[PDB]
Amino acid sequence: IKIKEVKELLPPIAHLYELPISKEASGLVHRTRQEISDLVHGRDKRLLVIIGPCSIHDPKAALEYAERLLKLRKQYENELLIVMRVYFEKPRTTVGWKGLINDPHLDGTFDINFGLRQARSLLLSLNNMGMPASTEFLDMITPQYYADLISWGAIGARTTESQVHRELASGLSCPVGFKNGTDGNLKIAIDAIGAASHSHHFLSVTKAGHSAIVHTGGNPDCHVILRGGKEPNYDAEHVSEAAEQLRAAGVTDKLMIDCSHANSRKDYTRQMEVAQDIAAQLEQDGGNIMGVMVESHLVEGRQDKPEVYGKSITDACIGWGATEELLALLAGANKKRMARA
């Protein structure tokens, strides 16, 4: 009774067969993961910029966004390592649309086989055009379908404390950022990095769709993300305090700052103020900052229904023009940080 239906799911290998990773995508992913690892461990001083839509609901608008962003990725490549946000899985406060995978037709039909196909296809097209991709890993089974095409992964604020999410991260091939908790707790993200760096044994699902025991090796390229709590936590004093806590736990004291969510108090117009503060830190010193996150789309704001093209149906985003402004600000500031060497 509590389970109304069990439905057919295609295993990852079906999608892999139709959409094998190309040589060029495979090289881009490999390189971008190493370049990000370098930032995490303080070997390079470019700023990782994870930027793009709160959520992907329309592949067409995503590829249009990617095309515009790719120009800026290239233009700023000596200062910034730009990776697009390509988020397919959304955690809700209670209920709501959980993302393109879970319900790609945006109407309660839950066509997950289509969703996974469409996700893999978009990620392959992105990597093929030269745009690497990032996503939040929320589900335990979906990652086998597309993790080979992801250069950087997030664990959400709502799952940073979760032991199964820490286990998942311990087996991912990409670097992973763990967000502080929804009321501001940083210690859980520091503890997550500790957990995810270790080997684990746990149950998962293979590429062929069958359950198995997996033994992971640990992920050495995890870091923390500052995304606000009851109050914002992006400023120099908060960064300095986090770095101190990170060092005391013996993990990397390089961290990423989210300009959106609780750092902008859920007002997309405040993302630019955050980025201005970060720019000012980078100009002064800013040695503990390795990255920033930005919720950005073609058109600003949000809507309940997907009426307007290139506008978020989840958290409100800045628009394109404001995106060019914010990237130019961050690239100018980091150029100065990098020259201080």
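Each residue number is its position in the shown sequence, starting from 1.
Look at the C-alpha B-factors of 202 to 210 and of 224 to 232. On average they run higher in 224 to 232. Relative to its counterpart among 250 to 258 and 94 to 102, 94 to 102 has the higher mean temperature factor, C-alpha atoms as listed in the PDB entry.
Among the modelled residues of the chain, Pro20 sits in the middle third by CA temperature factor in this PDB entry. Annotation for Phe178: C-alpha temperature factor in the lowest third relative to the rest of the modelled chain, per the entry.
When the CA B factors of the chain's modelled residues are split into thirds, the value for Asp139 lands in the middle one. The deposited CA B-factor of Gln75 belongs to the highest third of values across its chain.
When the modelled residues of the chain are ordered by their C-alpha B factor, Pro11 lands in the lowest third.
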